[PDB]
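Here the Cβ is made from the backbone with ideal geometry for all residues, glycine too, and neighbour counts use every protein chain on show. Numbers and lists here come from the model and the stated rules, or from a named source; none is laboratory data.
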Amino acid sequence: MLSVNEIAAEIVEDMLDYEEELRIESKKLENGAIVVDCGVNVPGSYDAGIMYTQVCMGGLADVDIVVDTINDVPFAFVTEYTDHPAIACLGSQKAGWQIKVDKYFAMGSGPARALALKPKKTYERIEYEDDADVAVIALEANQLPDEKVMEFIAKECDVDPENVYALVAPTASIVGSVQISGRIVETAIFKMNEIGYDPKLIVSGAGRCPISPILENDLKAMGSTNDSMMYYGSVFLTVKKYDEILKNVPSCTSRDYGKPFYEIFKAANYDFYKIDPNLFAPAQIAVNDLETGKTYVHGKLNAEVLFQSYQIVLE
Amino acid sequence: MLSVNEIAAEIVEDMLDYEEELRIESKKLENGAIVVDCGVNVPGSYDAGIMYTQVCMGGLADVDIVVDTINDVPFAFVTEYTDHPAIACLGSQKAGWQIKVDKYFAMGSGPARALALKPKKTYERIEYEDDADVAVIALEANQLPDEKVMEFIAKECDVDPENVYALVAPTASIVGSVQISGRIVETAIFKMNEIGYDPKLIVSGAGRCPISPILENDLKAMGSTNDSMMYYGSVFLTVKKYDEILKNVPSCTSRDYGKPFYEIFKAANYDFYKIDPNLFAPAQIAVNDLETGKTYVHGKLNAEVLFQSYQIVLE
Amino acid sequence: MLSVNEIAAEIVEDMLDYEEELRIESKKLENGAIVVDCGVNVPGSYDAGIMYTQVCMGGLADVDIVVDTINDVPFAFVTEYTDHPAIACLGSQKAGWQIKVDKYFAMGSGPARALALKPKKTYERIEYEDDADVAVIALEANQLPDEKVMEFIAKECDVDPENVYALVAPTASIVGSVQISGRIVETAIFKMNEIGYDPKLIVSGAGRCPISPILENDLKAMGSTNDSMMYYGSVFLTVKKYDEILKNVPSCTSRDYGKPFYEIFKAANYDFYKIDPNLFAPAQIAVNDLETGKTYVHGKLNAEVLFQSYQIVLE
Ligand SMILES: C[C@@H]1Nc2[nH]c(N)nc(=O)c2N[C@H]1[C@@H](C)Nc1ccc(C[C@H](O)[C@@H](O)[C@H](O)CO[C@H]2O[C@H](COP(=O)(O)O[C@H](CCC(=O)O)C(=O)O)[C@@H](O)[C@H]2O)cc1
Ligand SMILES: C[C@@H]1Nc2[nH]c(N)nc(=O)c2N[C@H]1[C@@H](C)Nc1ccc(C[C@H](O)[C@@H](O)[C@H](O)CO[C@H]2O[C@H](COP(=O)(O)O[C@H](CCC(=O)O)C(=O)O)[C@@H](O)[C@H]2O)cc1
């Protein structure tokens with residue numbers, strides 16, 4: 001068996017060996033839980049962003065950054081791949097655990113989900129559950145979780161708080177930008193599942209996505225980070241059997257294509273968990289079908305919308 | 001001295017530490033030989049493909065995967081380089097050992113060739129031989145080798161069977177697609193040697209090549225994997241002295257240019273070793289001549305033919 | 001505290017474990033100093049170039065090579081990023097120490113500058129000084145430093161010579177080409193400081209730059225390696241507060257821009273003091289302003305001048 005929590009805990013302990021270089025900071029709370037600030041009160045870094053993404057994907061993906069251009073404008077890009085897409089993406093990376101503890105709110109991602117079974121239906125669908133005595137969660141939030149929050153997470157994962165780790169970064173941070181663009185393969189897998197395609201049929205995925213510039217606050221960053229995938233994210237996927245419904249994966253087949261993600265988020269009263277899950281999707285995909293040996297291409301890139309979302313100023 | 005077998009053996013041992021993550025499976029045979037299934041009865045993975053390629057190149061190259069686009073369609077690409085091109089490519093990676101043991105047929109690549117001297121002329125031409133007590137071979141086949149096959153390989157390499165490792169994957173597999181596009185620098189070195197240019201004059205090489213989708217069977221896969229290099233493989237090479245003959249390196253100088261490699265394989269009765277070796281060539285090269293300081297560019301990319309070979313379906 | 005000398009010394013010790021693979025050769029002098037030849041009397045390699053660049057950047061950057069195309073012509077590129085740009089680029093990588101010992105001259109880069117404080121004004125500007133018992137210098141030179149040179153460097157750094165390391169390569173070598181293109185982020189940081197922008201405002205940078213072919217002598221190579229950045233180097237930067245003066249970062253805003261650098265240099269009778277210092281600058285930048293959340297784009301790519309500089313011969 002592969003344990004996404006045990007594998008990710010090893011990555012976190014490596015992060016902790018390089019705190020200063022990565023521009024992150026950890027603290028152990030009164031109950032023993034370790035909270036790793038990756039961008040709330042510290043800058044974080046590109047490498048912290050890569051490692052945060054690797055942790056979100058349960059250690060079952062390769063994630064790197066390459067610098068390239070869009071209409072000659074330079075950007076950093078995530079390039080990533082996985083041969084465990086259901087587990088890495090739906091069983092771990094998906095932000096499927098809404099954290100609310102009194103006034104503390106966070107979007108919860110990562111391996112801890114596979115112990116707490118959040119949401120239960122995902123684990124039924126992908127036929128995975130972790131078995132571990134350590135839990136690693138990734139929280140997207142503008143505040144660090146305290147003892148009571150970590151005690152709750154530990155309890156839900158059936159682990160002692162002394163064996164829980166949380167990575168934390170806000171949407172508007174370099175770790176935020178990198179880890180969200182690092183969901184490019186996940187966007188495809190998630191949309192495929194939403195339209196009814198069995199994620200257990202997905203063999204592998206590889207993706208590329210520009211990393212958003214950091215906008216002025218977390219609400220605006222929610223828009224630009226998501227627009228990276230929705231308007232400029234590319235995925236090559238391999239599946240056991242093709243289904244014609246897969247033409248509906250790309251974002252250009254959605255009723256809301258052309259709207260900046262910020263507008264979608266605003267219409268959901270700035271509540272991520274109130275957004276229709278059907279609205280998450282990659283810009284373009286190529287699907288290699290093992291059964292027929294064909295590769296079906298769907299979608300398109302849209303630099304014009306991306307540059308608007310990125311608040312680009314040309315001369 | 002650089003020992004391609006000792007260096008590659010370390011990579012194989014690393015693979016053995018991550019079998020479930022890599023989606024590979026090893027077995028120790030009754031005679032002690034280690035057979036690592038990288039795609040016959042297991043899926044393998046992109047990372048197993050990278051490591052298989054590294055092994056084929058004797059541990060003397062860098063191999064990685066980056067996701068990028070061709071006419072906006074996403075593909076995974078190999079990006080690779082080496083500063084030991086004659087040894088890594090001709091002395092090791094080249095599939096120069098046709099394995100026939102009774103009914104068992106396989107294409108043999110990798111460091112073990114530098115112990116068995118297969119073919120002998122190659123080692124005379126590159127002035128290299130390994131001296132090791134371990135042998136590592138990479139077999140392209142749709143069946144795993146048994147004790148008798150491994151015993152034969154051991155005997156030919158003058159090592160004990162307990163000191164032989166085999167990596168094995170069929171042409172139609174992700175390891176197959178990665179490792180074959182991972183031959184992009186080798187294709188150039190191989191063609192240069194075929195046209196009479198001394199490979200000892202080659203200082204280094206760097207290459208890029210898309211990774212083929214997996215087609216519906218090994219016969220079709222032989223075509224699409226090879227067409228990756230012939231129609232869309234690019235190599236930057238450095239040489240000590242230029243020769244005008246190098247204008248004939250690219251595939252577009254062949255009379256058979258434009259033919260799908262599948263048709264070439266079919267014409268060879270689906271026997272790789274019956275293919276005219278003059279057909280192996282990269283699409284495009286740049287050759288930096290150290291003597292004059294000039295860089296000569298030859299060849300062209302051909303996305304149109306590539307997409308036909310890849311069985312792309314556009315909307 | 002991050003010690004650029006201690007971090008870089010670890011990278012050099014790694015190089016020393018792989019000399020034959022990297023095609024480098026070290027010598028331990030009578031006084032214990034270690035001189036690592038990376039391209040004077042040895043070929044060096046792409047990987048030795050990467051490691052030389054990492055050392056120049058004090059171990060505080062990520063540096064890799066990817067193969068890609070310019071107008072379809074294949075080149076190797078450096079892709080790199082850092083979240084310590086002031087220290088890594090100005091405090092370490094910049095070739096800011098002229099080493100003159102009798103008739104020996106070399107331009108010195110790398111971590112040892114942060115012990116010797118060369119030039120002092122830089123360390124005052126970036127508010128960094130290293131405190132280490134080891135010193136690591138990188139010399140761009142066509143001659144290896146002897147005992148007297150190394151003794152001098154050691155004394156300037158207040159370290160014993162048994163704890164000094166020098167990496168050395170000439171301009172016309174693969175390590176020269178890689179390490180110079182590996183200055184792409186640095187040339188932005190340096191130009192920014194030279195036009196009055198406080199480098200303490202710079203959060204991070206990410207850059208891409210083609211690696212020059214090796215030209216026929218060091219003088220030609222000085223031109224083509226510089227032109228890689230000036231005519232084809234791209235940088236994505238993040239800053240705390242953008243200033244409009246950053247429009248003057250790109251090389252195309254210099255009065256001397258337009259011809260390959262070798263032409264500019266020969267016209268100036270080989271005198272650096274007669275060339276606009278503002279020419280030494282990246283081709284194009286995108287600057288993410290954390291104040292406004294906008295990203296400002298300046299400059300342009302110039303493949304036509306690059307291909308002249310690179311002595312490209314098309315059919
Ligand atoms: C790229 C996105 N954007 C983004 N932006 C920022 N700033 N930060 C982030 O972390 C992300 N993450 C990304 C998204 C994709 N992550 C995410 C978003 C919202 C959620 C919301 C919910 O709370 C969540 O728990 C899920 O949507 C629930 O998921 C379910 O969807 C399915 C529900 O329907 P169903 O299963 O009943 O339908 C049939 C049922 C029939 C049967 O099989 O029995 C089926 O699927 O088979 C089910 O399979 C299960 O997997 C979850 C994850
Ligand atoms: C990119 C290429 N394509 C590619 N594709 C795939 N899917 N996997 C791979 O590993 C590679 N490697 C790459 C290449 C460049 N690597 C490679 C390619 C070709 C070779 C050898 C080639 O086959 C070539 O050099 C031939 O040996 C020359 O051909 C003659 O040499 C051979 C020697 O004669 P024989 O002893 O083989 O004669 C008989 C006669 C035939 C008969 O039996 O009917 C025999 O073998 O049985 C004979 O086969 C004859 O045809 C070696 C390595």
What do you reckon, is residue B:259 charged (D, E, K, R) and more than 11 Å from ligand 2 (Cβ to nearest atom)?
yes
Name every residue in region A:100-126 that is aliphatic (A, V, I, L, M) and more than 12 Å from ligand 1 (Cβ to nearest atom), in order of residue number.
A:101, A:112, A:114, A:115
In region A:1-19, the residues that are in contact with a strand residue (DSSP E or B) (Cβ under 7 Å, 6 or more places away or on another chain) and away from chain B (no Cβ under 14 Å):
A:5, A:9, A:12, A:15, A:16, A:19
Away from ligand 1 (no atom under 16 Å from the Cβ), under 27 Å from residue B:21 (Cβ atoms) and in contact with a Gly (Cβ under 8 Å, 6 or more places away or on another chain): does that describe residue B:96?
no
Can you say whether residue C:157 is touching a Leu at 6+ places or on another chain (Cβ under 6 Å) and either within 14 Å of another protein chain (Cβ to nearest Cβ) or within 18 Å of residue C:9 (Cβ to Cβ) (or both), as far as the supplied structure shows?
yes
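Listed here are the residues, each with its yes/no results for (1) of a type in the set (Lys, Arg); (2) assigned to a helix (DSSP H, G or I); (3) touching a residue at least 12 places away in the same chain (Cβ under 8 Å); (4) not assigned by CATH to the domain that holds residue C:83.
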{"site": "C:227", "(1), (2), (3), (4)": "no, yes, yes, no"}
{"site": "C:237", "(1), (2), (3), (4)": "no, no, yes, no"}
{"site": "C:269", "(1), (2), (3), (4)": "no, no, no, no"}
{"site": "C:278", "(1), (2), (3), (4)": "no, yes, yes, no"}
{"site": "C:282", "(1), (2), (3), (4)": "no, no, yes, no"}
{"site": "C:285", "(1), (2), (3), (4)": "no, no, yes, no"}
{"site": "C:301", "(1), (2), (3), (4)": "no, no, yes, no"}
Looking at residue A:193, is it among the polar types (S, T, N, Q), touching a helix residue (DSSP H, G or I) at 6+ places or on another chain (Cβ under 7 Å) and more than 14 Å from chain C (Cβ to nearest Cβ)?
yes
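Check C:29, C:115, C:22 and return the single one that is within 14 Å of chain B (Cβ to nearest Cβ), more than 30 Å from residue C:304 (Cα to Cα), among the aliphatic types (A, V, I, L, M) and touching an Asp or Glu at 6+ places or on another chain (Cβ under 7 Å). Spell out how you get there, then give the answer.
Working: C:29 fails: within 14 Å of chain B (Cβ to nearest Cβ); C:115 fails: within 14 Å of chain B (Cβ to nearest Cβ).
Checking each option against the conditions leaves just C:22.
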Which one of the conditions (1) of a type outside the set (A, V, I, L, M); (2) more than 30 Å from residue B:213 (Cβ to Cβ); (3) in contact (Cβ under 8 Å) with a residue 60 or more places away in the chain does residue A:231 fail to meet, given that it meets all the rest?
(2)
Of all residues in region A:202-245 being of a type in the set (D, E, K, R) and over 14 Å from the mean Cα position of the chain (by Cα), the one that is nearest to the other protein chains (Cβ to nearest Cβ)
A:216
Could you run through region A:39-56 and say how many residues are within 12 Å of another protein chain (Cβ to nearest Cβ), within 15 Å of residue A:140 (Cβ to Cβ) and in contact with a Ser or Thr (Cβ under 8 Å, 6 or more places away or on another chain)?
3
For residue A:264, indicate whether it is away from every other protein chain (no Cβ under 11 Å) and outside any strand (DSSP E or B).
yes
Residues of region B:259-292 being closer than 18 Å to residue B:212 by Cβ and out of contact with any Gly (no Cβ under 9 Å at 6 or more places or on another chain), in sequence order, are B:259, B:270, B:272, B:275, B:279, B:280
Which residue is farthest from the chain's Cα centre (by Cα), if the candidates are limited to region C:60-89 and must be away from chain A (no Cβ under 14 Å) and surrounded by 24 or more Cβ atoms within 10 Å (Cβ to Cβ)?
C:74
Selection count, region B:75-87, where residues are touching a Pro at 6+ places or on another chain (Cβ under 9 Å) and assigned to a strand (DSSP E or B)
4
Keeping to region A:132-152, report how many residues are within 16 Å of ligand 1 (Cβ to nearest atom) and either within 14 Å of another protein chain (Cβ to nearest Cβ) or in contact with a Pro (Cβ under 8 Å, 6 or more places away or on another chain) (or both).
6
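Yes or no, residue by residue, for (1) within 14 Å of the chain's Cα centre (by Cα); (2) under 27 Å from residue B:241 (Cα atoms); (3) surrounded by fewer than 20 Cβ atoms within 10 Å (Cβ to Cβ):
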position: B:107; (1), (2), (3): yes, no, yes
position: B:115; (1), (2), (3): no, no, no
position: B:140; (1), (2), (3): yes, no, no
position: B:163; (1), (2), (3): no, no, yes
position: B:167; (1), (2), (3): yes, no, no
position: B:171; (1), (2), (3): yes, no, no
position: B:178; (1), (2), (3): yes, no, no
position: B:189; (1), (2), (3): yes, yes, no
position: B:200; (1), (2), (3): no, yes, yes
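A quick yes/no check of all residues on (1) in a helix (DSSP H, G or I); (2) surrounded by 15 or more Cβ atoms within 10 Å (Cβ to Cβ); (3) touching a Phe, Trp or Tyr at 6+ places or on another chain (Cβ under 9 Å):
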| position | (1), (2), (3) |
| --- | --- |
| A:7 | yes, yes, no |
| A:12 | yes, yes, yes |
| A:15 | yes, yes, yes |
| A:20 | yes, no, no |
| A:27 | no, no, no |
| A:31 | no, yes, no |
| A:41 | no, no, no |
| A:49 | yes, yes, no |
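For region B:270-305, give me each residue that is closer than 30 Å to residue B:106 by Cα and within 14 Å of chain C (Cβ to nearest Cβ).
Matches in region B:270-305: B:282, B:283, B:284.
Does region B:182-205 hold any residues that are more than 9 Å from ligand 2 (Cβ to nearest atom) and under 23 Å from residue B:45 (Cα atoms), and which are they?
B:182, B:185
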All positions within region A:239-252 that are in a helix (DSSP H, G or I), out of contact with any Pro (no Cβ under 7 Å at 6 or more places or on another chain) and touching a residue at least 24 places away in the same chain (Cβ under 8 Å):
A:245, A:246, A:247, A:248, A:252
For region B:28-38, give me the residue count where each residue is under 15 Å from residue B:136 (Cα atoms) and among the charged types (D, E, K, R).
2
